[PDB]
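Each chain gets a letter, A, B and so on, in the order the sequences are listed, and its residues count up from 1. What you see below is based on every heavy atom in this structure, not just the backbone, and it leaves out hydrogens, waters and symmetry mates.
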Amino acid sequence: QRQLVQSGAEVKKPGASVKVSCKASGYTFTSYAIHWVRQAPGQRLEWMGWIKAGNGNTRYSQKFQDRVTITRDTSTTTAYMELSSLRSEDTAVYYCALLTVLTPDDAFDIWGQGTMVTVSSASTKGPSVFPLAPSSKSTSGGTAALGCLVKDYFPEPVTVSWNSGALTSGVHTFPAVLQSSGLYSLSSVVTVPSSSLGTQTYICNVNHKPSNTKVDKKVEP
Amino acid sequence: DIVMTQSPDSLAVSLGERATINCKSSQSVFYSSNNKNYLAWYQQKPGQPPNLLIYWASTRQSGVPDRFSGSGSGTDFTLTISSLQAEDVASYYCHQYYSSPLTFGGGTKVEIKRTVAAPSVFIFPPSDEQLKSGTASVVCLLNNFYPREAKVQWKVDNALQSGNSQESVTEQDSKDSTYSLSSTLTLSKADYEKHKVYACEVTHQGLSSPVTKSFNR
Amino acid sequence: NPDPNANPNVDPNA
């Protein structure tokens, strides 16, 4: 399986720089060009530039020519996008991608998972994680609902898995809400059999990369 | 640059019905010398990167279900989903690689219509751990309902609240085409401790009268 | 005409 894995989300001050990394694996690194594409709020996907992973030549969009640098490190099969003089329009999800690899031998298209960059002078804050315990007030049709409340973090995003990814059915991880304080909160819930709460263990795995938060909260009645 | 214009901006059909998405390029992306159209179609679901469906305007990528097909030449292109499945709810984007800069369309959001489903309503008091820290969040959960419109109201000691709650709704579910909604009421610990009854009252098309879910502190 | 350097990954003669 060919893949691209990006670095974690960041917050950076206006006027500062951000550098996002893109680790390639599972294919011949030097054969293809890695593109950078961003997706800003309410806006179309926007191509920024490409680098040929072999010889390192680049082409940048006119929009970013003066502010972007794309590089690559072949010994670590990793590409990098640095964007300087950050501005409010630059808050966005940044993707690396092997766009439309259409050769005589191959046809594929691979994207990294995306890196959220927030341009802000506000400080990073990690969340508290609180259980949403199943109870008589959270049962419906032979199921029990339970969850985790991830409160008071900055910037986005938080990600949540259950039981290290082994529990996926019946999960809803909600979009975050913006609190008056400027901090975010989110909820993640799952519905499970009402009959086996005594024998099964449910743990929410919360990640907030900007604050180095990795929490595993067991949720019990 | 080559501007990519899609229509409609959104569409909703029932499961199994045909969905049609149009894309117009501001300049031709056809090359007569090789008879090719330099166009691709992508699917993207919230929180995920786009996935390639179609390239050279009409060649379906390996592994893509054959209910997806692309057609057109020159400036006018069509993505067809012949029989919409629940997992097809997503936004769809055209893309040109004829000229630099590479560009994408504005997207078409594809939605399922399905039968009315009333929400399952749950309430969660604050955890003792959170109360230890001086704040109390009460969570009201509305699970797996349709249509998306729903109203939550909070009552504390039977009094309607205003200004102390936030809510958000999910994207449409990829399996059962429903929505869910979470609302949080936040009080200081001191204020939480002065009241007995906490309740969320839910209005929705599937309910003939509002449902109230409550607990005593 | 197409610009073959818009996306180096595309071989227009494959």
Compute both the distance and the angle, then confirm whether B:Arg148 meets the cation-pi test with B:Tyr179: under 6.0 Å from the six-membered ring centre, within 45 degrees of the axis.
yes
- request: For the pair B:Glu111 (side chain) and B:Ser10 (backbone), establish whether a donor and an acceptor sit closer than 3.5 Å, ignoring hydrogens and angles.
  value: no
* pair A:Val189-A:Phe174: side-chain heavy atoms closer than 4.5 Å -> yes
Practice problem: Verify the ring-centre separation between B:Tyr55 and B:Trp41: is it less than 6.0 angstrom? | Solution: no
Working note: A:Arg2 + A:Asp106, criterion salt bridge (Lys or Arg N to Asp or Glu O under 4.0 Å); need CA distance, chi angles, decisive distance, verdict. CA-CA 12 Å; A:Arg2 305 185 209 81; A:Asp106 276 284; 3.6 Å; yes
In this structure, CZ of A:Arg59 is separated from CG of C:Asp3 (nearest 0.5 Å) by 4.5 Å
Residues 56-107 of chain B vs disulfide bond (SG atoms under 2.5 Å apart), sequence neighbours excluded, gives B:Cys23-B:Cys94
Interatomic distance, OG@A:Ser61 vs CH2@A:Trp36, rounded to 0.5 Å, equals 15.5 Å
Exercise. Answer yes when B:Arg67 and B:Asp88 have at least one side-chain N-carboxylate O distance shorter than 4.0 Å, and no when they do not.
Key: yes
message = Could you go through A:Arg38 and A:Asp90, starting from their C-alpha distance and side-chain angles, then the distance that decides it, and tell me whether this counts as salt bridge (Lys or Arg N to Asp or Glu O under 4.0 Å)?
response = CA-CA 9 Å; A:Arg38 72 170 188 193; A:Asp90 298 322; 2.9 Å; yes
Is the shortest side-chain heavy-atom distance between A:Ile51 and A:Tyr80 below 4.5 Å?
no
Working for salt bridge (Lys or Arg N to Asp or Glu O under 4.0 Å), residues B:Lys45 and B:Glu171:
CA-CA 9 Å; B:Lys45 299 197 185 186; B:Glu171 67 264 38; over 6 Å; no
* Do A:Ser188 and A:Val171 come within less than 4.5 Å of each other through their side chains, counting heavy atoms only? -> yes
